[PDB]
Ligand SMILES: NC(=O)c1ccc[n+]([C@@H]2O[C@H](COP(=O)([O-])OP(=O)(O)OC[C@H]3O[C@@H](n4cnc5c(N)ncnc54)[C@H](O)[C@@H]3O)[C@@H](O)[C@H]2O)c1
Ligand SMILES: NC(=O)c1ccc[n+]([C@@H]2O[C@H](COP(=O)([O-])OP(=O)(O)OC[C@H]3O[C@@H](n4cnc5c(N)ncnc54)[C@H](O)[C@@H]3O)[C@@H](O)[C@H]2O)c1
Ligand SMILES: NC(=O)c1ccc[n+]([C@@H]2O[C@H](COP(=O)([O-])OP(=O)(O)OC[C@H]3O[C@@H](n4cnc5c(N)ncnc54)[C@H](O)[C@@H]3O)[C@@H](O)[C@H]2O)c1
Ligand SMILES: NC(=O)c1ccc[n+]([C@@H]2O[C@H](COP(=O)([O-])OP(=O)(O)OC[C@H]3O[C@@H](n4cnc5c(N)ncnc54)[C@H](O)[C@@H]3O)[C@@H](O)[C@H]2O)c1
């Protein structure tokens, strides 16, 4: 219903719109997309995922500048500058930075200059930029929050339940890492890049790196300041990743209890946000899964009743896309205008 | 010099003999090999690694039942039963279980029945079976230790330096995991196996699993009883792996100091056993590396001056093979007979 | 509507059962599974696919000899012995060789002795005693009591046979030698390991593998007018699964375009070989055909001509999914040929 | 012994410099590198290869505009502007296009205006104005001041050209249409991403890619007697880095065996095309040829005949390593052709 716009049409926005069309009563409405690619090119592209596969809905280029989605036409634009983009023209309520380049307040500001109402970001807002997360700060979302972001799917996976865990026993501290799958942030072959690791081919190489999660959790949970500083392991898969973490909780306990509380939360509020998996399952067993998190209760363990190893997966985009969905819906909430 | 024999000629024994021929003054001498495969088949096989590549030495089937190594002929046998194997025939001093099936005392005992002097094992001795590790228990090796094993390369990587770390600050506890690469222990495609995870194709799928390391370290270090219980992550690479671990040490400190002590140890005794890597490096940057361990001092960190995240790599076989080499040499040591 | 039992629950059989439950009105009743792997594992295995994923419906485990799917229960056996399978007890009309073991007639007849009515081989019979029946090819030429144990060679073959037949039929093909791009399989070695064929013995995930395929014969088998007309070798790509082949042939026509043929291609594919055959036009790559019931999908922008008659062709197939459907509808025909 | 500067430090240029320092008596002096990537990174990049690994000797970084290798220092530039490269200052005789950008003559001549003496294109010239010189092919036919900016098409081409030439030479080839198995490269998309060609635009690591190659023309370019004689399309395997092709051709001979040819194959490969060409006999797979200086390696057990003259052939090559060596010895010849 609400007029939406996506920008920097990465696989992120692709899966995103795939969910949006697949979304049951999407209260939102994307109307245009920007990315360097072309109309039929992008249409073909999105028409076939390399993980889900083809789109279970005809998408043709309805017009040479727009594409249909079973008749649902959406304008396709291509530029590297938000001011060149029909925000005030199309009266765009919301632009979605997928380029990853407008990690600044200013970057989003360009869209507002071209006539954007609000700007949301799939990336960790580089600098003092708010990021709302379902079951986390989503209530802190105000309509005054016109410029807010979303950190890496990795982060968002961790945030809520580890919050509850600090709320369950009280996590004194504990750092992590993630089996993160590679991406465009890592050059296909060994090509020059800001990060040598990211510069590496890595198609056949595990990449050690980091993520703002180490602080993004402290970001979303100022309470969690410094209690965790985890790094990122870009793994040679293209897919959904799982996360490692051992924490130091204040209250002593056993893993199974933590797992039970996990299920409980995945019923009370983490329902739909979180799942608890107990079967022997691997990355394949978590695809197109809408719960941001899949607790491997079957394997989570605790050392000294305080040092709590945990296993839970998260889809590189699909789950993240769903996060984008419902946060955008929350934006449609508190949307008197 | 000492007459050696290898059994179950997995890629393990392949890389092993590749090092042995490449070994500078190998005081040992393999004379025969068993594995289900055939003579020219295996010769061709070993002649070309999929990681190092071809063998930098002509190997032909010197005889229809044996193969040369630049003229160094070694008998090739093929059977599933040690009693069918020329131990008392060839007067074999030592058989090397590579089959992984004789994880029992009894399994090795079969070779001794066919006339083996001692039996060494590339695998974690399933049950009460001694495993010696360089710089770890290798001194505890006695000539009376005729039946001793060697746990997974993963384990052996961890043991020595974490020992020193408990010897450096005093590791109260702390569990781990490893970016272990898949193997034959996991079915190429989704084929039936004892472990569903191991049963999984996993060619494109990270596998969560475990390893005796969680106890093998407590095994080799009874002092380390329960101080660590780490799991295994079989990653979709075929290659050298790296290890994750955060520990709880008694003495407070900072990572850089730990790294320095790491270098120091990799000079005093962990020299050749261990390296300290500070450059941004990935699995490719650790192949044919003889130090069992490559400390990523550049990335190791500590939480609360006690919770010590660490990064260090280990070659699936090559390094492990080297471990086999020098332990076998130690067997040639204390070898009055 | 007719008793069936899979003999060997290969990934092939997994996809097969996927299609069977995914079948509209499957005239056949797969009731018991053979694989020495434990029912809980099995249920897991099929319940968690790699190439496409979890069964898109429930699977449960009734008594751990005999699990269920969406309430519909399925027996399971677990053996390598043919006679030790309750073909007689379970009254199974048809054996589904999902092991490739009994590439011999006698090996299959063993299960018949164990009380089976018929056997189908989901593979090329190493002998010749067994009719390697193919959809759109000899499926019509199948007869009941006419070697009630019939065979079915590799997808590789089946993908190629029918349309190239139609090609030498409408246009006439002098000869030709194909070459596919097969995706690694269990016979290949995830890592260099003890194995007969030196090639697939290597670490599969990291090596294209030069091998051959019985197809070049199987096609001449099913097409005796193709006897010694086709050769071609199997290229085994370290990709999960996205079978695809190319072949240049000398046509017996005047030397016509390839375009016109692509027209005729899709025509027959839209004509007698509806559903069986596809000739797509969109420029697409491997993943662009996952889980496609078409035994083959040609793209026109690929197939071309060298010397008028020297003409090239490209098309794709899923070594199981399509092959699975092939098993399905042949058995269904068999069921029609069944009394 | 002659000034050189790589223009664009592609992985190609990385392997190239590996060979250059790995060269016995390289008559050429690569002194400065072009790539807008920072010298510390560069040093790292070359110092840490994937396909084979770290330089098997020291590499250091003297002043971070200008690093070193084993004491031997190397300047570096970092730009996309041709004129902004000190070809004139550094007095560089030869430009090594390692970007594929200036597939045009003029694009290369830009660097000449920036003070270069000659340009070589490590790629197929999109135009035709540039001599796509090839070892064992037209390398002898190269002349100084004869378009001192000459080109060199893909390894793909160069692998095929010379020996197939010798084949139509000793036996005569009517025609034929090849098809390779190229491995993904930077032009391909690690993940489905905005890109011109729909095919290589897809996630490379998980898709065989149907594409074509300028080779079928380049061969006709270098072999005008092959004008319109060869076609063939590029198959892009998500393989790490191993290049290999097949092709069936109709010979102009009586219809001889393939065996005899394999003999003649290795003969010429051992004859005029020593080092350049290989015809191996061991049944081998992709990895079995890593870092092999042979522009091509045939395996006899593969190449075959369909119709006497309808004859198949298989051989391999490293898209860079061999190609690198090609760049090396051509420049060395150029150096001999140099005053
Ligand atoms: N890998 C994931 O699924 C994932 C998960 C977490 C966060 N993210 C975020 O998603 C973004 C990357 O998306 P992706 O992983 O699909 O990669 P991607 O490279 O496919 O996305 C970027 C796309 O935008 C285009 N683009 C770049 N700069 C542009 C500009 N100035 N204007 C217009 N288009 C431009 C690129 O050409 C490309 O098509 C980043 O913001 C990243 O932080 C990605
Ligand atoms: N991935 C590794 O390199 C690694 C890590 C640590 C330890 N190990 C140990 O190495 C062994 C596996 O070696 P691999 O990883 O090279 O796998 P592998 O499967 O290649 O090794 C087993 C080999 O032995 C053969 N074999 C099996 N049973 C046999 C029998 N009864 N008699 C004779 N031959 C037999 C198999 O056919 C195969 O060739 C196990 O014991 C494992 O614990 C391997
Ligand atoms: N790969 C394909 O798509 C394809 C196409 C054509 C032909 N085939 C034929 O299908 C066979 C199996 O297909 P796959 O690729 O899934 O192979 P697979 O090895 O995965 O299937 C065999 C399965 O059955 C088990 N098994 C082996 N022998 C058995 C026996 N005697 N009784 C019961 N179970 C037994 C194996 O342990 C394994 O679990 C191959 O051997 C091949 O001849 C397969
Ligand atoms: N892949 C092969 O083996 C092969 C074989 C034949 C032809 N080629 C040609 O070689 C070119 C590069 O080879 P590659 O596969 O290593 O590609 P690549 O993209 O890895 O190499 C180009 C590198 O140079 C940089 N670059 C791009 N434009 C530049 C410019 N104008 N000035 C300076 N640096 C620039 C890129 O950012 C990248 O780091 C290709 O474009 C292709 O035309 C390569």
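Nearest-5 percent of antiparallel DSSP beta bridges in the protein assembly as shown?
Of the beta bridges lying entirely in the protein assembly as shown, close to 50 percent run antiparallel.
Give me the Kirkwood hydrodynamic radius of the range D:258-339 in Å, from all C-alpha pairs, to one decimal place?
13.8
From the C-alpha coordinates alone, can you work out the Kirkwood hydrodynamic radius of the range C:132-200, in Å?
Evaluated over the range C:132-200, this radius sits at 15.1 Å.
Quick one: Cα centre-to-centre distance for the range C:108-128 and the range C:30-98, in angstrom?
19
Quick one: angle between helix A:153-168 and the longest Cα principal axis of chain A, in degrees between 0 and 90, rounded to 10, please.
Rounded to the nearest ten degrees, it is 40.
Before rounding to the nearest 500, sum -39500 (n - 2.57) across all DSSP H runs of length at least 4 in chain D and divide by the residue total; then give [θ] at 222 nm in deg cm²/dmol.
One gets -7500 deg cm²/dmol as the mean residue ellipticity at 222 nm.
Please provide three numbers in whole Å: the alpha-carbon extents of the protein assembly as shown along the principal axes, with the largest listed first.
Projected onto its principal axes, the Cα set of the protein assembly as shown covers 85, 78, 70 Å.
Between residue A:65 and the same site in the other copies, what are the distances in nm, shortest first, taking label points 7 Å from Cα along the C-beta direction?
Nearest first, the other copies' label points are 8.3 nm away.
Looking at the range A:24-177, what % of its DSSP beta bridges pair antiparallel, to the nearest 5?
Counting DSSP beta bridges with both partners in the range A:24-177, the antiparallel share is about 25 percent.
Would you mind computing the Rg to Rh ratio of the range A:296-337 from its alpha-carbon coordinates, Kirkwood style for Rh?
For the range A:296-337, the value is 1.32.
Could you tell me what % of all Cα pairs in the range B:72-136 have separations over 20 Å?
27
For peptide B:193-203, what's the mean number of Cβ atoms from other chains within 10 Å of each residue's Cβ?
The mean count of partner-chain Cβ atoms within 10 Å per residue comes to 6.
Given just the C-alpha atoms of the range A:56-106, how large is their convex hull per residue in cubic angstrom?
Here the figure is 113 Å³ per residue.
State the three equivalent ellipsoid semi-axes of the range A:152-316, derived from the C-alpha gyration tensor as the square roots of 5 times its eigenvalues, in descending order and whole Å.
Gyration-tensor ellipsoid for the range A:152-316: 28, 18, 13 Å.
For the range A:64-80 and the range D:203-228, write down the distance between their C-alpha centroids in whole Å.
Using only Cα atoms to place each centre, the spacing works out to 34 Å.
Tell me, what are the semi-axes, in whole angstrom and largest first, of the equivalent ellipsoid of the range D:156-318 as set by the roots of 5 times the Cα gyration tensor eigenvalues?
After scaling each eigenvalue by five and taking roots: 28, 18, 13 Å.
What percent antiparallel are the DSSP beta bridges of chain C, to the nearest 5?
Restricted to chain C, the bridges split so that about 45 percent are antiparallel.
At a 10 Å Cβ-Cβ cut-off, how would you order A:20, B:313, fewest neighbours first?
A:20, B:313
Give the nm distances, rounded to one decimal, from residue C:228 to the matching residue in every other copy, measuring between label points 7 Å along Cα toward the beta carbon; shortest first.
Reported distances to equivalent positions: 3.5 nm.
Partner chain Cβ atoms within 10 Å, averaged over the residues of C:231-241 - can you pull that number for me?
Taking all residues of C:231-241 together, the mean is 5.
What does the copy distance list look like for residue D:336, label position 7 Å along Cα→Cβ, in nm and ordered from shortest?
7.2
Would you mind listing how long the range B:1-132 runs along its three principal axes, going by Cα atoms, in whole Å with the largest first?
Projected onto its principal axes, the Cα set of the range B:1-132 covers 40, 29, 28 Å.
Over the residues of the range D:82-231, compute the C-alpha Rg and express it relative to 2.2 N^0.38 Å.
Compactness ratio reported: 1.18.
Whole Å is fine, so just give me how far the alpha carbon centre of the range A:174-206 lies from that of the range A:208-275.
21
Can you give the average number of partner chain beta-carbon atoms within 10 Å of each beta-carbon in peptide B:7-13, as a whole number?
That works out to 2 on average.
For the range A:51-198, take the alpha-carbon Rg, divide it by the Kirkwood Rh, and send me Rg/Rh.
1.03
Normalise the Debye intensity by I(0) for chain B, one equal point scatterer per Cα, no solvent, then take log10 at q = 0.08, 0.09, 0.10, 0.11 Å⁻¹ and round to two decimals.
-0.37, -0.47, -0.59, -0.71
Based on the alpha-carbon set only, what is the convex hull volume of the range A:89-168 divided per residue, in Å³?
Value for the range A:89-168: 95 Å³ per residue.
Sorted from largest down, what three extents in whole angstroms do the Cα atoms of chain D have along their principal axes?
64, 46, 37
Mind pulling up the Rg/Rh value for the range B:155-233? Radius of gyration and Kirkwood radius, both on Cα.
1.10
What percent do you get for the relative contact order of the range D:1-151 when only Cα pairs under 8 Å and 6+ apart count?
21 percent.
Just so you know, all these numbers are worked out from the coordinates, no wet-lab data involved. For neighbour counting, all protein chains shown are included, and Cβ atoms are generated from backbone atoms with ideal geometry for every residue, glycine included.
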